[PDB]
Structure formats: structure tokens, C-alpha cells
């Protein structure tokens, strides 16, 4: 009804209007309407578990503002149907929780891959498997695979069929210096139909022999977001007296949360702080860091001979979700069906909040995270390394090209979740954390006299937090610096959103931070005045990095020779574009070429699905909290 609710409805309609092309013919949201884009997915009509979780969240807000929950239901329907691997996609058997996987190291550059399996390295015990099978009577892992080829652009299809839409693929497999430009896109379902003699397997892992197999990789931040979204769909549906029709879907979130516990464990279930790849594996929860790590992954032979599961040793603050954790731990409607599910999430909630606080810089921004596997090989931490429950501080977990915490976006995305958690519970630690972070946000966000604005785009870091001992020290030697500014509309909105939940919480529990509200509303207003266009909102952005289309060599081993489904040859010396020749048919290919040849950065007005969702949600959030 209100102005900001009206704003949500307007953008929601732009998003769902088929003329604008946000979804494919099966109703799967693309990463973006535009196809020529490269940043995490390397093609715009791929999609991510991230996009799906935002789709669910968008429709949850629709339901609050509308009373109509069909939107939210069909979003979850599409999610489960397409993005979660079905029983035939992940036909797991012969799993050994006492030998969950076999170790391989991580390496500094892509040219050091394939990484050899090291069979003497002890791997710990998986304490979740038996519990989940007992609870659900199934070996199906209920989590989203992170990357999908929506309209079969790459040509691998569904389960090696080479034709079907909604094709599971993966890219990143070769360490922290493998940028989005340096991957070899390959099917999750490996039958040796494409690539080289052993498919794409021997680009990534070196083994004595190779088997046809499947494997998937979860993005825990996306799954948690879907759960967070469902929590609000739940409270909002119960408020309206329509819990029951959405109660099937709250159970989906609870089950997803139950399996999302795999993200809480070390990659190879090694004890926290072990610092030795030859150290004995964990017995149970001694290998749990209780945080949302970069991934969990699972795979198996096509014939069911063997299977494996891994957590991740790398944790980024940007992935954490105290709202989702609190909901799973404490909300009886959201309670996971397993005996220990809720209890583990209660531990995770507490550990997560400590983690945020430990990482809070002198200024207020949150630093990157930590690892239980130094250099991805369980190596000895350098002298003077700051630690968190035995895990070593890392300014940029997992990726260094570019650094994973040089993106300001994680500040907004992650602290937005903390803000919701604070608004809900009034947790003092969360409040204190937010208070300092919001103070920082105010000192750096730019409100220009002309009506424009800019938020931090790139960050840089120096120093370390103090070693964690259960109390925030102030971390006087840990420093953030804002390198440059931009007008990223998705993040701008997420930031405004976070500010509104904090501000609302302060009204409820402490002294009303009206300044946080005013700054947020300003951002949403200035952006609404400037950046509306025919498919939603967009701000011009240059992509000087797109010279890597033409200039980035993809590492392929000497003598390794293979093919992509369209016929592109994969060999030593190939460029990014050489194994993706269908890009030359893209409507925007002329524009890219023009810019590249004239030595200038190509400019785009993108409509990223998640960005448009964040925008809608942030405006609707003002209405919900202050309307």
C-alpha cells in the first residue's frame, strides 16, 4: 500500500514480466538478463544457487506485502525440481563415514594441477552421515549444487544427454589463483563424452586410474539465505493465518538446514588447529569449526562402487548467517528433523557471532576469515599468526585473483543477516558488533551534493586481529582501507537493508539510531530517482577486466588435448574465448570487440537477478519496518 511497498511491487512486476527476460522457459532465473557478463559465473544465462535463494527471498517479501503465497511456493518448487540434484543425479552408495574421502592438496597456481591424491594422509570421521540416513531414510543430500547451465549453452545437457536444459556444471577446481577467466567449464556428471580420454578429471585430480562419476558442490551462503528467506515467509504466513499452505515449504528449509551442517566441518574432517597433513583425522566434532565454510561437496561412481563427502577448511565472514542459524536452532517450526540438528545450529550461531567480532577491524569493517588448512595442505602457521579456535586468520580466504574480501559486497550481504538476527533477538554482542560497523558505514558512504552517491567498491586490508579468547579487543592493528568507489545497486540496496534492520533494532532495544535509517532511505531514494530503466534499475559500469576474454591464457597441461561439446579444441595456449567460441554470436559481442580494439573499457548497464531482488527487498524492508 505505501510508497516503498509500491516501489517493491513495481520492481517485482519488472522482474516477473516475461518481456524483460529474467527467467528461462522453465521459470529458472538467470544470473542476469544480459548474457555477456563474467564475474563468478562466466556467462549470464548460467545461474547459481545464490540466484535461486534470492528468488525465494523476493517472493517471501511478496507474500508479506500481498498475502499471496503461491509465488513463494512456485519459487521453492522450481528450486527443488532443478537446482537440488535429484535421486538419479546423485545415486550414492557404498559410502564409508570412517573414510569419507581421500586427500588431495591445494596449490598456489593453476599450472600445479592436477593435484595428486595422497593416500597415506589420514582423513577423519564424518559424524553426520549415519544420523541423516536414519532421519530421512535416504542417501540423497538435500542441498543446492551451486552452478547450472540453464539453457544448455555449454552443451553438456542433463546427465550427459547433451541436449536438456538445466545442466549441472562446475568450473573452479584449481586453487586460489584460478580466476573466473582461467577455468575449464565441465559437467558435474562425468561420462568421458567430452574433454580428453578421462573427460576433464585429470585436469583437476591426478589418480592411478579414472572412473565415470558424478560430483556436486554446495554454496553454503546460498542455502542459508534460502533458509533465512523461509523463516520470514514462515513468521509472515503465520501472522496472516496462512501457515499451513506454506508449511510444506518450511519443512524443505529445515531439511536443507539439516544437511547444511556439512559446511561446518573441515574439508577432510581433520581436527581444528592440527597444522600437519599427516596428523590423525578427527573422531567426530573435533573437526567441526561450526561455521559456514566455502563449500561442502559430494560425489560418487556411476556404478555406485564408491562415494565421498568433504566439508571445507576455509571460512569467509561473508558466508555466515546468524538469522538462519538462530531460526534453525530456536524456532520450533524451523527445527531440523535429526536428533542433533538444532543443537549443532545453536553452537554454530554462537561460534558465528564470535567469528564476526573476532574479525572486526579497528575501523569497523569485517575482515576476511580463517582457515584450518594453511595453504590448503594443513601446513604450519607462520610465527605470530592470529588464531580463532585453532584456525589461522586469512585476509582473503579461498581466492586471491581478486582477493575474496576486496569485494565490499560481503560487508552488506553478511551484516544484513546479523542485523536481522539483532532486530529479532536483541543479542547484545550482535548489537555491539553492528553499532561499530554501522559507524564505519556512515564514515565511508558518499552522499554527493548533486544527488548522486557512491559506496565502497574495492577494499584493502593490513595487519591482523588479536588471537581470539572470547572477548572483542578492538583489534587496533587490523585495518581496512577503501581503495575505490562505485554505484553497485544490488549492494547499495543490501547495505540500506542492513542499516534499516539495525536502526529498527536500536529503536526496539536501545537508543534509536535515526541516522542509520536516514542514510538507508537516502540511498534507496537517490538510486530510485536516478537509475530506473525499462527492465528495472541499472547503473553504468565499465569492465576493463573484459580484456581477459581475449588475453587470458587458460592453463592446459602439455600434451593434454580435448574438446568442448561445440567442438572447440582444448589444448595448451588456448584463451578464455577459444574454448567458448559461441560467445562470438552474443548480441553484445560487437560492443566488447569495439571497446577492446580501441583500448577502452566496455560499459554495461546490467540487470543482475540478485541485484534487482536486493533492491526490491530493501525498499519493501523500509515499508515493513518504518511504514
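Positions refer to the first chain, counted from 1.
Per the records, residue 245 is modelled in every other compared entry, just as the shown structure includes it, so no third of them leave it out. At least a third of the other compared entries skip residue 303 while keeping the residues on either side. Relative to its counterpart among 265-273 and 159-167, 159-167 has the higher mean temperature factor, C-alpha atoms as listed in the PDB entry.
For the pair 316-324 and 428-436, the record assigns the higher mean C-alpha temperature factor to 428-436. As recorded in the PDB entry, 333 shows the highest C-alpha B-factor of the residues 151, 420, 333, 218.
Each of 468, 399, 72, 408 has a CA temperature factor in the record; the biggest one is found at 72. When the modelled residues of the chain are ordered by their C-alpha B factor, residue 294 lands in the lowest third. For residue 576, the recorded CA B-factor ranks within the lowest third of the chain. Only modelled residues enter the ranking.
Sort the chain's modelled residues by C-alpha temperature factor and residue 34 lands in the middle third, per the entry.
Residue 40: CA B factor lies in the lowest third for its chain, per the PDB record.
In this PDB entry, residue 547 carries a Cα temperature factor that places it within the middle third of its chain's modelled residues.
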